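**Student:** Sequence below, structure please.
(chains A, B, C and D, ligands or ions: 3)
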Amino acid sequence: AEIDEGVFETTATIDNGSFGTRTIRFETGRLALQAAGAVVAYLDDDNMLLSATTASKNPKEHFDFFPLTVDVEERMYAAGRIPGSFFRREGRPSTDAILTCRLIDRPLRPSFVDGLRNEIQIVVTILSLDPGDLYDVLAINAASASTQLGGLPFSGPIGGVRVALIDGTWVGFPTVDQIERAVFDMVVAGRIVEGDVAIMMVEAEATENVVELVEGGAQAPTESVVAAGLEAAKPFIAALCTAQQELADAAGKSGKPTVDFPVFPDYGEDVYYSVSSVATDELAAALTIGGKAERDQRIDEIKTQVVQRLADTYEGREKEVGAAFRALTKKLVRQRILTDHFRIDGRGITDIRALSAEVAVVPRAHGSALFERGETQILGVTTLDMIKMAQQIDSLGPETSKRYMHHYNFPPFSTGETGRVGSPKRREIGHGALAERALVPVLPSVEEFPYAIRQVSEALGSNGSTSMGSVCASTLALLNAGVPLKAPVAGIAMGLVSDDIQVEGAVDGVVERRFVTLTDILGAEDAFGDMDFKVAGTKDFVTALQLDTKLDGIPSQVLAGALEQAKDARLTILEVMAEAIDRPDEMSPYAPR
Amino acid sequence: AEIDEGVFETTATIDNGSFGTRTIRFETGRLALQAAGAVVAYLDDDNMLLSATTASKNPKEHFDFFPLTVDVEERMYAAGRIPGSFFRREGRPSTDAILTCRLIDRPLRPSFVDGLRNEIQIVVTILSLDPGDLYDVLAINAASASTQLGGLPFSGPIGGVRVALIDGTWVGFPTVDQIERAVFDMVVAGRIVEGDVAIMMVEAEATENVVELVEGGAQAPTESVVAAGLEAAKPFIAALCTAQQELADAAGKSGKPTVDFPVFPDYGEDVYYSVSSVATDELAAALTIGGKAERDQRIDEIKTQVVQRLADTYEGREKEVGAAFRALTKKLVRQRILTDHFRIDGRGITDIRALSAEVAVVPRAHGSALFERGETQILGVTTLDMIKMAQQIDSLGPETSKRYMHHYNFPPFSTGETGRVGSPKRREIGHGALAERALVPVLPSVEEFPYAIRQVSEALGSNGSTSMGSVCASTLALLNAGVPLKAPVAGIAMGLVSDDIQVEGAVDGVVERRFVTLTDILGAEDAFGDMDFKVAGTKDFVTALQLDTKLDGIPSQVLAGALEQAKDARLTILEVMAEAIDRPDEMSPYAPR
Amino acid sequence: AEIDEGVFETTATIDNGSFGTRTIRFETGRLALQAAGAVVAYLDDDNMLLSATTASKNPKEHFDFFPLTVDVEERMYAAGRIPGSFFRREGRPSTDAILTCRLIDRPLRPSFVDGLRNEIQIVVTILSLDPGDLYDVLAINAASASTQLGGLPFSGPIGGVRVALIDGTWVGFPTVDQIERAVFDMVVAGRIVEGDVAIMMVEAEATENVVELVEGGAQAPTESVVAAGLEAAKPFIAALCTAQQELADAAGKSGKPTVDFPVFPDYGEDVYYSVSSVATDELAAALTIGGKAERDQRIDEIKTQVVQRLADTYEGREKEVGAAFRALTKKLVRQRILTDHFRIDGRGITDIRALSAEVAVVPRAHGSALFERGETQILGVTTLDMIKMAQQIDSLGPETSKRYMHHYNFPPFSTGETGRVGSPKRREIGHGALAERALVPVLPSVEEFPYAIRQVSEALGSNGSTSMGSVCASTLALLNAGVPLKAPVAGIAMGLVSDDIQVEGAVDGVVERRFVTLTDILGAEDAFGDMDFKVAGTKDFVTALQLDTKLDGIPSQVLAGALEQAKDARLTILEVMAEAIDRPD
RNA sequence: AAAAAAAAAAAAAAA
Ligand SMILES: O=C(NC1(C(=O)O)CCCC1)c1ccc(-c2ccc(NC(=O)c3nc(-c4ccccc4)oc3C(F)(F)F)cc2)cc1
Ligand SMILES: O=C(NC1(C(=O)O)CCCC1)c1ccc(-c2ccc(NC(=O)c3nc(-c4ccccc4)oc3C(F)(F)F)cc2)cc1
Ligand SMILES: O=C(NC1(C(=O)O)CCCC1)c1ccc(-c2ccc(NC(=O)c3nc(-c4ccccc4)oc3C(F)(F)F)cc2)cc1
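**Tutor:** Residues are numbered from 1 along each chain as shown, chains lettered A, B, ... in the order given. Ligands and ions are numbered 1, 2, ... in the order given. Find the structure here:
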């Protein structure tokens, strides 16, 4: 809709029945005209933000990865307030902004064509905010729309939404007051494939009042309830994708990309062909050894022989043969998993690594614990203090103080490297936040436990999913310090592989999709997998959930089976945890009163 | 004067008649003897500072610009107290120090020979300061003197002074108490060229008491008054330059450079000669293409044709040919401007680009506005708060708090680029300070309007002079918020092109030198010019002024005409501003009372 | 001792007689199993910390120095409280952690083989701390143990300890309460050579109550007392080294280096031989000529005429020949020093450079002074304020406030260079701390002088030991501001050169070891010497001491003579300082 | 410092 010469606008509607209706509006052609693409997004006439996307003129070939950057700029004037810092100006980004950056980055990054080496930057500025609303999902939609209008090698619009379960109804785009009445709230992002929605990213948590609401008669958020909630977000995503596509069509764009971006593949087909024809049988036979040192030595020897021969042949292309060898290895391993239920370390597909749990490991700490799962090793420490030491928050959003704080540390020696030790990175912030949300619904209230609580996790050893081990260590350490939890919490990380396998016969056209689910995946198994997801909770309901994938679709029964398998693993881990400690201890003599 | 063996000193006197007399003293040969040059400067034997200049041993020519660096170090013991921060130590430079750094950098950088690639660093430390004095103008002279003593390829001494207008007298080096009785305050820097002073830098503003002083019977600072102020500053500059030269002569120095610094010109003579002979007539006729896209297409076609022709001849020297082509293009465009008032975009000499102004653009802000001039687009937003939210300042200078704050942001997408989004750079600080000084003299007093005020400028699009559009946006947004200003303020950026060309006679050796003034210059037009300046004010008097040049001299009539042209331009802009809003609105329901 | 499967343990005992006994435990095999080496250390089962060492997979030859990094992580939960900053999280390292990093880095860095270019990182995390103890000396031992278990080209275990003098007894690992009753506090680190302890690093200071305790009957810490304190620390170091070696033996390790690390020497043997055989006699003759600028120009032309005739013989190896030429110059100069008592600037071995002192150089400052020694030039400024302006400290250690603050600045132009001006580096922090500790013992009490004091030193010109010059400048400025010091303090920096020399007999190969001590060394002389040390104090006792060395041993009489020479220089400097000012203004 | 031109397991020194 060309409201003005050169200005176009589009609208999407969110219908919640008796809970109200909301409108989302996209506008282009009036602000930031020198960017590659720019869009203004409105929610209900009082929420307003701007998104802009630009690309660099020339690529950076010497990089080995795609350089995408996302930035979120919160302005205090959006809340009608002057900043409280000493210099009265906005400084380094807050935790909320970093989490929003991660939420945008997770689904957009795999949507670009592989091999791209130009720099892409996306900047989102918050301009006006109603005191009872949240801006993050609107930001996801605006970033997608501006990138779509930028005319880049970018795959289709992406839609995002939040849904909260209230009295048996999944409400879309709820307010803070409404979220205060729900048992579960979930952020979901996806795209449209062949007229259907394919889910790409999920980030979900139980609310802080879930136990009291369930005692009052509400439904508890179990696995099937969460699956139904995933089903209820698809129409909203479809409406948002349609509005974005209409905006792109109205304002020209669509076809004629004009600017062409070169791509830099890791290896050429000619190099890959030689490596396959030379080392297929050797690699296939070598995997059956399964002896760690013997397996590694055989792999290294075959790699050295192949690289020597192909360096004699291709005359100075060593990285390409190295990449092709790894690709062939991964291709063989995936087929072996799908055919024989073979895992790289010899476990069955439902087996957990060796487990151990201990408490009281640090002499003068208020509480501490050590948790081990295979080569993953987490140390947790708890400290209690007076309630005035709660963190005071001066951000744009509605939060004003934080009674319970969780900090996560990942040093370089955890995997045996060297590196800088300094301020935490974005991934550390994300993992810490996910582990923090898993414990919040089970903490006691302030009136019955008047203390500030700080929890610290140290990843002393890493071989896959330290964030799920932080949950278990947090539970054990909090119980060791005398905090009266409502129920213990545990977590697990899971993977999924899938591909087309020909059934016993002929005609080579009866190949059908086949899926396999793996429990407690290794660090290397994540690269071979097709979907990753982490689940945490008590023995009665789920408290945190995270997911990201690339598949075009997933049958409902496959997802239900995977969720059930994760629940079984969680129960097994809770049984081991209970043997170390099963009730709160006495408070430490060193802690205050 | 050799007061001590190896120690020399020189004096300059500044006579203000009935307002007093002051002396500036330069000393060398005592402190910091391992630097290339070092000088100590005194003002009235209680203000004392040190300046030192050093150069790197080897050139580093993998850069394309001259690497000069200026640093100012404020020591809190110069005011006699311990720093108030948590660690009791001076940290990041304050705003005043950054502004002093830029005042030093602006005149000194073009005074070095072109092609230099050695790193040059200047450090100025403030050692002792009287409570009623300002140190910046003293620092300019010290920075010039220490560089002059270092035996570098540096063109002559530079003198700097501040003049303030009090009761019809222009007083040099005034105190803080004297500035409270003045209507105008100007900082001027220049050099000596054949017995006469050539002005190079100006930074000037109207004082905070100008309106009531003019109501009391003082003369308002109009354009002719400002020009008389520039005339009054020359004798002080001449005296300071003479003192510096005398000190340089007394301590040896003078000649005998000893160390020789290599230079790295952009292009050689042969390449320029070839490029000129190949394309002088092709470029001369190709400027007539009014169409922007057609113009640039023809330009790039000609450049590529020249590059392909000359690639084989010079074995591949593409940088030199690219530089020579641009040099020839600029040389021809300047001739077209001087001969027949040609402009690159087709405007006439006194034409402004298309203007637009609008208010009430951000839904929940206290006040907001959008201002557009050509491709320059500025968004301004106002916030009001309680008086306790004024900024508290802890610095060397006499200022202790700020009731009105202005912050200016320049994101990479405004030009279409990618880059870091972090703390603001020095140029952002400078532009914001200029725009703040433009609006200070018309604000209401605290007794009349008891609020703290924060103003933010976002440069959403930029093609030349965003700082002057910040002034218009600030006035519009402040009126939208309900602030009762005494008068609206507008600003404009101006250019000047000069050269001597053949007169309408014979011989081909008789040439007259002419000047052309351009209104509202583009970003590209700044590189074609010999002077650029900016003027802001009301319909009655000037409030801010900035000027940079490197011309040997400018006749009085030329400068008067340029200032009159700028006045007409800002009056035209004020008329357009008044249609959008001409009186204060009602204060927002969201603002406090 | 394998307490658990894969876990090994070892113990060391520190016996202080009637002052008590303490135990240190080392444990390995249970925490951080993916590092190259990791060790947990305990002191009396309430103090616990962890140390881990890792190495990079590939070298990096584009550097020209050995890249070693040391990090100390103080966790506030070790003290049982939440951090007080706005974000409630630990940020940049505090001054204490940086000084602990320096204490670890000083003795460990020269213990690696020459030419190593792999990156090496050591990280020490503080987990539990008793309120009356100090963790730094424990950290030294833990870092040594984890590096020794890592299987790297590392030269033997290193042991560190603190000893304090209380009522005539040197007590090892004293508590905070015990330090309040002592006159001197000293940190010492060393290693074992053929059954004996060789000292490598020393960092010592007098306490804040020394004057009052000496007035009450205690013995003042003179030079011989400090020398005896060095002897008293050796058995403790031996016991700690033994425990570390036992732990290394128990958990495998010991031999079998397995992974091999390439080395990158500055020059090859052939290049050095070619450079020496072409220029030895000529260079020695140039050294024998008594002239500074003449020898400078002669050497500069010799370098040009030697690089030019070997450029064809060695293909693009100019850096190798330059390094070999510099090494040969160093060897000849050291030989000349040991034989004829030669110094490059012509001074005698007990001579100080030209001195000058002046006060009241900054017009509005509360106190100010300018101090010059040779090309070293220091400016010092003092400011006084209300006692509420004292620094408030929130950290693991027992300190909570700081009445006297000293800040040291080292701008690039003091050498003639260009560089970044900004946050102070670790070396600036260390030098400032040494200068602050030298002056703390003579300050008046808060009761008789109720002010906060900030002292700033700025190295306007540097050619060797600005740290000791800042002590003199601070004394002068404090007196100029009116602070009633109990006594003035001065300092000096000293060097020592040692090597084997031919006897006056025969056989051509019968040699003896000789030592020579130099007063007030230049920056260039620090590279020639085998040991360097700095001493500061009053006319009656020592207040600060710092020492670094690599020698396998030092006879007692040689060290006593060196300390006496330093004391004589200190007295001369105090006499020059008394002329400028001899009482508070 | 002058100028429109982040993803992932992958400090030492006068210089
Ligand atoms: O912890 C982790 N991440 C976090 C978590 O909490 O989870 C903690 C911090 C944030 C999240 C983590 C994640 C990934 C890894 C990992 C390590 C190694 C390999 N790499 C191979 O694993 C391999 N590489 C080869 C090969 C290479 C070149 C040529 C030929 C072969 O072969 C093989 C073969 F499969 F055999 F083992 C993959 C992943 C470890 C830990
Ligand atoms: O917005 C601004 N804002 C600022 C303000 O406060 O003002 C904010 C902070 C300071 C600035 C700004 C915006 C753009 C510019 C700019 C200037 C020059 C060129 N350069 C060409 O533009 C060009 N390059 C060629 C050429 C190149 C290669 C070969 C041959 C020819 O030709 C040409 C031809 F002149 F014709 F147009 C571009 C942009 C400056 C300022
Ligand atoms: O100020 C200082 N302050 C510090 C302090 O102490 O607190 C502050 C914190 C720590 C230090 C300081 C100042 C200067 C130095 C320094 C040392 C060595 C050299 N280097 C030569 O000096 C040389 N280089 C050659 C040569 C070069 C090329 C080829 C052949 C020979 O020859 C020679 C020859 F020995 F003759 F003099 C220069 C400067 C050290 C410290």
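**Student:** isn't residue A:45 right next to residue A:130, touching?
**Tutor:** No. Residue A:45 lies out of contact with residue A:130 (C-beta atoms under 8 Å); the separation is 9.2 Å. C-beta: built from backbone N, CA, C; applies to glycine.
**Student:** Between the two, which has more neighbouring residues?
**Tutor:** Taking neighbours as other C-beta atoms under 10 Å in any protein chain shown, residue A:45 and residue A:130 compare with residue A:130 leading, 19 against 11.
**Student:** Assign the more buried one to helix, strand or coil.
**Tutor:** When classified by DSSP: H, G, I helix; E, B strand; the rest coil, residue A:130 comes out as coil.
**Student:** Briefly note if stretch A:93-101 comes near chain C.
**Tutor:** No. Contact of stretch A:93-101 with chain C (C-beta under 8 Å from any C-beta of the partner chain) is absent, the minimum separation being 9.2 Å.
**Student:** Now do that stretch: distance to the chain's middle.
**Tutor:** Relative to its chain's centre, stretch A:93-101 lies at 14 Å (C-alpha atoms, centre = their mean, to the nearest Å).
**Student:** That stretch and chain B in contact?
**Tutor:** No. Stretch A:93-101 is not in contact with chain B by C-beta under 8 Å from any C-beta; minimum separation 9.5 Å.
**Student:** Show me the domain layout of chain A.
**Tutor:** For chain A, the structural domains run A:8-250, A:269-340, A:355-486, A:493-575, going by automatic domain parsing.
**Student:** And RNA strand D, is the shortest one touching that?
**Tutor:** No. When contact is scored as C-beta under 7 Å from any atom of the strand, no part of domain A:269-340 falls within range of RNA strand D; the minimum is 8.8 Å.
**Student:** start to end distance for that domain?
**Tutor:** 29 Å (C-alpha to C-alpha, to the nearest Å).
**Student:** Next, see if that domain gets close to chain C.
**Tutor:** No. Against chain C, domain A:269-340 shows no contacts by C-beta under 8 Å from any C-beta, the least distance being 13.5 Å.
**Student:** Now do the contacts for residue A:484.
**Tutor:** A:444, A:448-449, A:584 (C-beta atoms under 8 Å, 6 or more residues apart in numbering or on different chains).
**Student:** can I get those residues in a markdown table with distance to RNA strand D and secondary structure?
**Tutor:** Converted to a markdown table, these look like this (distance: C-beta to the nearest atom of the strand, whole Å; DSSP: H, G, I helix; E, B strand; the rest coil):
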| residue | distance to RNA strand D | secondary structure |
| --- | --- | --- |
| A:444 | 34 | coil |
| A:448 | 39 | coil |
| A:449 | 35 | coil |
| A:584 | 35 | coil |
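**Student:** just the buried members of those?
**Tutor:** Among the contacts of residue A:484, those classed as buried by 16 or more other C-beta atoms under 10 Å in any protein chain shown are residue A:584.
**Student:** now, the most widely separated pair of the contacts of residue A:484?
**Tutor:** A:448 and A:584 (12.5 Å; C-beta to C-beta).
**Student:** Find the closest residue to ligand 1 in chain A.
**Tutor:** Nearest residue of chain A to ligand 1: residue A:523, at 2.6 Å (C-beta to the nearest ligand atom).
**Student:** do you know how far that residue is from ligand 2?
**Tutor:** Separation of residue A:523 from ligand 2 (C-beta to the nearest ligand atom, to the nearest Å): 47 Å.
**Student:** Next, the contact list for the closest residue to that residue other than its chain neighbours, please.
**Tutor:** Excluding the flanking residues, the one nearest residue A:523 by C-beta to C-beta, 6 or more residues apart in numbering or on different chains is residue A:464, at 4.2 Å. Counting by C-beta under 8 Å, 6+ apart, residue A:464 touches A:374, A:376, A:493, A:520-523, A:525-526.
**Student:** taking those residues one by one, which sit in strands?
**Tutor:** A:376, A:493 (DSSP state E).
**Student:** Out of the contacts of residue A:464, give me the one that has the most neighbours.
**Tutor:** residue A:493 (26 neighbours).
**Student:** That's all I had, so thanks and see you.
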